[PDB]
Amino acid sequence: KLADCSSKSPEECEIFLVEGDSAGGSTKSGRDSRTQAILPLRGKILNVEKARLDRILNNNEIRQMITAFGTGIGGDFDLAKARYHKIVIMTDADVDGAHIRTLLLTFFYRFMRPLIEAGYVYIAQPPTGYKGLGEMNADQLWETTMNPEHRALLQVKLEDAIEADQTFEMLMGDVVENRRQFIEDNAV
C-alpha cells in the first residue's frame, strides 16, 4: 500500500500517514515523489493502550507502519535505521480526524517513543477554508500542506515523560471514569 519516494537518504526523506485511499490518491499526485512517501491507512487503528501485544503485532496497518519506518519494535528498535526523518500524521479537522490523531500518537508513544524524542513525528491538517483533505485539489494539497517552501507542520515534542504517561493512561486506557472526569472537568 506504501507509495515510496525515490531518495534513500533518510535525513531528506518524509512520509505522510494519510487516513484512507481518499487522501492517498491526491497526496500521491501532489507530492515531490523524490523525497516524499505516502502511507494510506485503512481508517481507525487499534488502541494500543487497550489491546494486547499479540492482537497489535497481527494488525496489518500496525505491521505496514513498522515495515515502512524500518526502525523495528522495542527489543529490536534502532533510530539509526529510520527510513524517514519526518513522519507526518495527516488528518482532517473533524471528529474522526481528531480520534485518528490520538490513536496514532498512542502507537508512537508506546511502541516508537525515541521517534518523538528525535523530533521526527509531525502533525498536519487542512488549512482554514477546508475541513477535510479530500476537499482539496492536489495542487493546493501540495502548495499548502506538502511544499517545504511554505507549509504548516507541527513538530510533536515530549516535554514531561511523567505527564505524558499519565495523559495516555487517562485518555486511552481501560479505566473509563478517569476519562469521564477529564471530559467533565474540561468541557466547553
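Note that residue numbering follows the sequence shown and begins at 1. The term rigid core refers to the maximal set of C-alpha atoms that superpose within 1.5 Å between the two forms.
Visitor: Superpose by the rigid core: which stretch, 118 to 126 or 156 to 164, shows more Cα shift in 9 other deposited structures of this protein?
Guide: It is 118 to 126 whose C-alphas lie farther from the shown form in 9 other deposited structures of this protein.
Visitor: Would you say which of 108 to 116 and 88 to 96 moves more relative to the shown form in 9 other deposited structures of this protein, going by RMS C-alpha distance with the core superposed?
Guide: Of the two stretches, the larger average C-alpha offset in 9 other deposited structures of this protein falls on 88 to 96.
Visitor: Tell me which stretch, 67 to 75 or 90 to 98, has the higher mean Cα B-factor listed in the entry.
Guide: Per the deposited B-factors, the answer is 67 to 75.
Visitor: Could you check the entry and say whether 39 to 47 or 137 to 145 has the higher mean CA B-factor?
Guide: Comparing 39 to 47 with 137 to 145, the higher mean C-alpha B-factor belongs to 39 to 47.
Visitor: Taking only the Cα B-factors deposited for this chain, tell me whether residue 158 sits in the lowest, middle or highest third.
Guide: It falls in the top third of the chain.
Visitor: Sorting the chain's modelled residues by C-alpha B-factor, tell me whether residue 175 ends up in the lowest, middle or highest third.
Guide: Middle third - that is where residue 175 ends up once the chain's C-alpha B-factors are sorted.
Visitor: With respect to C-alpha B-factor, does residue 150 fall in the lowest, middle or highest third of the chain as deposited?
Guide: As the PDB entry reports it, the C-alpha B-factor of residue 150 lands in the lowest third of its chain.
Visitor: How does the C-alpha B factor of residue 31 compare with the rest of the chain: lowest, middle or highest third?
Guide: Lowest third of the chain for residue 31's C-alpha B-factor.
Visitor: Split the chain's modelled residues into thirds by Cα B-factor; is residue 15 in the lowest, middle or highest one?
Guide: Its C-alpha B-factor belongs to the lowest third of this chain's values.
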